[PDB]
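Q:
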Amino acid sequence: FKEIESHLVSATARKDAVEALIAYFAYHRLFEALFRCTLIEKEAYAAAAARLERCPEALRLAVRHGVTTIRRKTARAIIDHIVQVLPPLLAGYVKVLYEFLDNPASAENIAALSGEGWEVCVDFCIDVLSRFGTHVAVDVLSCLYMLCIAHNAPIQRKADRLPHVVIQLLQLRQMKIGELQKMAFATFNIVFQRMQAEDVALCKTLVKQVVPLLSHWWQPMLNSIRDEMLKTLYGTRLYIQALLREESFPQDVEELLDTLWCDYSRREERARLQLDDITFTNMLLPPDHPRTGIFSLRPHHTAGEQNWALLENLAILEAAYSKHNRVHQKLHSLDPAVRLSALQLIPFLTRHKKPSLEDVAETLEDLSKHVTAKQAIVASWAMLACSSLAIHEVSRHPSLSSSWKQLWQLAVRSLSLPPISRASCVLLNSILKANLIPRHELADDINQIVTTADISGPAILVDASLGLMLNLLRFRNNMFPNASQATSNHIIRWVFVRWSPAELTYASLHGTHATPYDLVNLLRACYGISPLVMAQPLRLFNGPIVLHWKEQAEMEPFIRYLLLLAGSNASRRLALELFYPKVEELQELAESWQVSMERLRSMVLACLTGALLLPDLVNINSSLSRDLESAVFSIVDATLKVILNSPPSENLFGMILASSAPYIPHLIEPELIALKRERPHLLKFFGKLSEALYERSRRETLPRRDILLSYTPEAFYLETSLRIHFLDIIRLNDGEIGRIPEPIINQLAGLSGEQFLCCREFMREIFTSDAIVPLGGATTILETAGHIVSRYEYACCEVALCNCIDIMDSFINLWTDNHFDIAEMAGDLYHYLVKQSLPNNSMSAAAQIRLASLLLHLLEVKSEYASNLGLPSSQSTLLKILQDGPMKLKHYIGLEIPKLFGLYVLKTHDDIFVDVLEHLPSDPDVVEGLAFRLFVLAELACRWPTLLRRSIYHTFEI
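Residues 14 to 22, 25 to 40, 55 to 74, 85 to 126, 135 to 179, 217 to 304, 312 to 337, 341 to 418, 447 to 687, 715 to 743, 753 to 858, 888 to 1145 (the deposited numbering) make up the sequence shown, in order.
1. Measure the C-alpha to C-alpha separation of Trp355 and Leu144 and round it to an integer number of angstroms.
2. I'd like to know whether the C-beta atoms of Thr966 and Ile1009 end up nearer to each other than 8 angstroms.
3. Can you have a look at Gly768 and say buried or exposed, based on whether 16 or more other CB atoms are within 10 angstroms of its CB?
4. When the Cα atoms are used, what is the spatial distance from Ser1061 to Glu676?
5. Closest to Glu363 by CA distance: which of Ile468, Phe374, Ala512, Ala498 is it?
6. Assuming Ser720 and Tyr649 are in contact, meaning their beta carbons sit under 8 angstroms apart, how far apart are those beta carbons, in whole angstroms?
7. Please identify the residue among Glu756, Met761, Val294 whose C-alpha is closest to the C-alpha of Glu740.
8. Name the two residues that bound the continuous alpha helix (DSSP H) containing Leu841.
9. Is the Cβ-Cβ distance between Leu21 and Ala86 less than 8 angstroms?
10. Assess contact between the segment 651 to 669 and the segment 270 to 278, defined as three or more Cβ pairs (one per stretch) separated by less than 8 angstroms. Is contact present?
11. As an exercise, report each continuous alpha helix (DSSP H) stretch of at least 4 residues that is fully enclosed by the segment 938 to 1025, in chain order.
12. Tell me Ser390's beta-bridge partners as DSSP assigns them.
13. For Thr573, is the classification buried or exposed, using 16 other Cβ atoms within 10 angstroms of its Cβ as the cut-off for buried?
14. With 16 as the cutoff for other CB atoms within 10 Å, does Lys476 come out buried or exposed?
15. Output the distance between the C-alpha atoms of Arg857 and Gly812, rounded to the nearest integer angstrom.
16. What is the residue span of the alpha helix (DSSP H) that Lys731 lies within?
17. Compute the Euclidean distance between the alpha carbons of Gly1014 and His1044, then round it to the nearest angstrom.
18. Grab me the residues of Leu802's own chain with a C-beta within less than 6 angstroms of its C-beta, minus the 5 sequence neighbours each way, in chain order.
19. Hey, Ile388 and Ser509 are a contact pair by Cβ (cut 8 angstroms); roughly how many whole angstroms apart?
20. With residue 698 and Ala35 assumed to form a contact (beta carbons below 8 angstroms), what rounded beta-carbon distance in angstroms separates them?
21. Would you mind sorting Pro1059 into buried or exposed? The rule is 16 or more other CB atoms within 10 Å of its CB.
22. Taking the beta carbon of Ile822 as the centre, do at least 16 other beta carbons fall within 10 Å, making it buried, or is it exposed?
23. Taking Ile121 as the reference, give the member of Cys172, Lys799, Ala152 with the closest Cα.
24. Less than 8 angstroms between CB atoms is the rule here; does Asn803 satisfy it with respect to chain B?
25. How is the alpha helix (DSSP H) around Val1113 delimited, first residue to last?
26. Return the Cβ separation of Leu511 and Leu550 in integer angstroms, given the expectation that the two are a contact with Cβ distance under 8 angstroms.
27. Would the beta-carbon of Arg1130 fall within 8 angstroms of that of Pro1073?
28. Helix, strand or coil, according to DSSP, for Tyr904 in the structure here?
29. Can you list, in chain order, the residues of its chain whose CB lies under 7 angstroms from that of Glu1083, leaving out five sequence neighbours each side?
30. Report buried or exposed for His300, applying the criterion of at least 16 other Cβ atoms within 10 angstroms of its Cβ.
31. As an exercise, report each continuous beta strand (DSSP E) stretch of at least 3 residues that is fully enclosed by the segment 475 to 506, in chain order.
32. For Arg682 and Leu411, what's the separation of their Cα atoms in angstroms?
33. Identify whether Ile582 lies in helix, strand or coil by the three-state DSSP scheme.
34. Express the C-alpha separation of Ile831 and residue 707 in angstroms, rounding to a whole number.
35. Just to check my reading of the structure: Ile582 and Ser543 have Cβ atoms closer than 8 angstroms, yes? What is that Cβ distance to the nearest angstrom?
36. If you draw a straight line from the C-alpha of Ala533 to the C-alpha of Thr327, how long is it?
Below, the structure written as structure tokens:
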């Protein structure tokens, strides 16, 4: 290689050196060799062509092998060589670029001190495209995209020609479909997400251009292309509603509406938003979840998000087009698939249409026409649409009251067919909650349902069946207080007649619908004890579409502004008798196993339901107690042993964690005390699960670098594993509550650089909670969390910075109390983040937000720490950040700045207000700046009355 290095910088030397390199496949020197060798051959211009094609092939194969131990010096060197040698060698050089950018930390660390080199690369690719091989063109758009996904990529500078380039390319209505269009739409999404609240004019023009081009490349791979176009529609959802309120665009948008309808209506039954992609359960799902009026997207469904995305976006664009009745016409359509699609689009749309009395009445008449459609699909969806409309204030008008009776009627009989036993139940429940029919017309039918329970019972025992049965139990303990054991005993009989877990039709068809939460809540009601607690939002993971929507979710108010738009013992023994056979049959089915997803999931839901109500069914103590516990836990053990010895491709542990999570508590001391007092059998379950986890680990990089990495499947599984470990240790120690168990910390500080970032939400959750941590605990945790941030592969990534800021925030009051051993570490890290990380153009938007929160919290504890360490004051850093920062950070701070005036005596508020206003945006050519200024002044005013005078004065001033 040394003599070969001299050989490169005589064809037997060059071609031979490249052959020896290919055989091969500090570095800086060989890289110089290759560069100047290609240059010597370039000036020394078919053999010439072959040697030119073959030298940077060796180059690119070297940049796929030292691209790990490369640094910014070698980065700039390679980049300037690529842009200097070329004024033939397109594909080789572009390949070197592609393989240099494939490593994300590379294209992020080039977004350092200036953006000179980043702009060099982006302009390289823009010029290359605007010249436009064809596959090389795809690689050009790919490396352009790979540059644009860097949340500290300075885009605003080279943001004039870039979108026009990308969406000028796409206007070509040929080159049937491939990576080209997927990458076109990916760069569009990212650049638009940047420039969504800066350069409003550019954006309105762009959307006026890409609402047409979207109604063409939606020709009815294609999975990912429909996904990118649905993300695009999620973005543009506001410019469309603004433009329609401001005349080609109406024609174009209507044509696009009809392309969406024509595409969705020929999707007959497999992938058409099946009725198993929604749940009617009354759990505490998080607020940012996707939901519509009655149902909501089934948790942990990364496979049914595209259909919900399409229907959600279509409902929004339709209620935003009929604003400036396509749906009722399509409802009276002829082709049955069109009527089915118009039956699906009723709840999504009524979530935001605010219909009038005539429209509600008419649509309801037609739906009562469609309810009896002899068809599981159509009758079901029709009843769901009806029960979506039945939850207004418009529906409670007498002009259609008998109509409700009709629908009630058309459901009271439609309860015994397992095809439509779910939707029908929903309907009943809806009418029994909104009170559209008085409490004497509907008493005989309820008596029939609850006393008979074999005809006009909810034939299937799913989420909505249990909801309705609970509402009926309460109705009948409210009207006929005498004969309440009748209700409770009929209820228990129905529950244990319908709940057959160890059967193929149940376990495979509607096993996913029914959850242990609903079962045990109904049973605890009919005994008479109490609900399950479930006092916090469920934890779940999502897929790309919903995550991307969760990115553009905090900033939608600023875009709606910038755009200007003893008997109990009888019943318990009854239930125990009726229940034990279920466990016996389950244990026989389990002994046979020493297998699919559905049978195994049903068995684990059954063992959860068993472990939940053991503390119920032991006060019986009629010798069917010991046997019951031993049998339940024998099922649990057999299940775990099927789970372990299995391929990690089914991912059964995904199933068990996803099912068992909603019962894991919050990790504070009082809740972990009430888990040792009320539900201990759940704790024994969690112990067995922890053992299986430990052992499966004994047997054997980053999916996304956003702030949302902790909502992807990988992160959810890691956080759940560690909460399970935590609960197990707490059970065993029995008094080591709260005090973070040193084994848990040693499992925290014994992970990889890819996982410490994944479990950061778990670290936040434990540490923020009041919990004695060992000295070495906080010290070691902070040592490792800091070490992640100084590796040149994480020095720029968003997630590492956010995580180290959060961990410093967790122990805010150790270093700012005394001088410990940790105070030096936090000093070093504060200094590196403030003085060094921030002006280097390395902190991203979410990193700057997390640092703003760190500072705003620091002022409430020390308020001068940054001086006693030798830096400018914290407030100085905060406002310096406010002046220069991507509008997302400006919005966050302006929203949480009116809390900065809570740490100061009332005498000095106009002084602080002068100081702040010194650091706002103000320039007449920039209208976004003035918009932000008026925004923050309105916020201060609407919170602090002291600053109302100056807020109004400066609002009228500009």
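C-beta atoms are modelled at their ideal positions from N, C-alpha and C, and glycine is treated no differently.
A: From the atom records:
1. 42 angstroms
2. yes
3. buried
4. 26 angstroms
5. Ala498
6. 6 angstroms
7. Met761
8. 838 to 857
9. no
10. no
11. 947 to 955, 962 to 974, 985 to 997, 999 to 1002, 1010 to 1018
12. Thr373, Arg385
13. exposed
14. exposed
15. 17 angstroms
16. 716 to 740
17. 16 angstroms
18. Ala850, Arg854
19. 6 angstroms
20. Missing here is residue 698: after 687, the next number in the chain is 715.
21. exposed
22. buried
23. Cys172
24. Absent here is chain B; the protein component of the structure consists of one chain.
25. First-last for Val1113: undefined, no H or E at that position.
26. 15 angstroms between Cβ atoms; not a contact.
27. no
28. helix
29. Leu1043
30. exposed
31. none
32. 16 angstroms
33. coil
34. It's not possible to place residue 707 here, given that the chain moves directly from 687 to 715.
35. 4 angstroms
36. 41 angstroms
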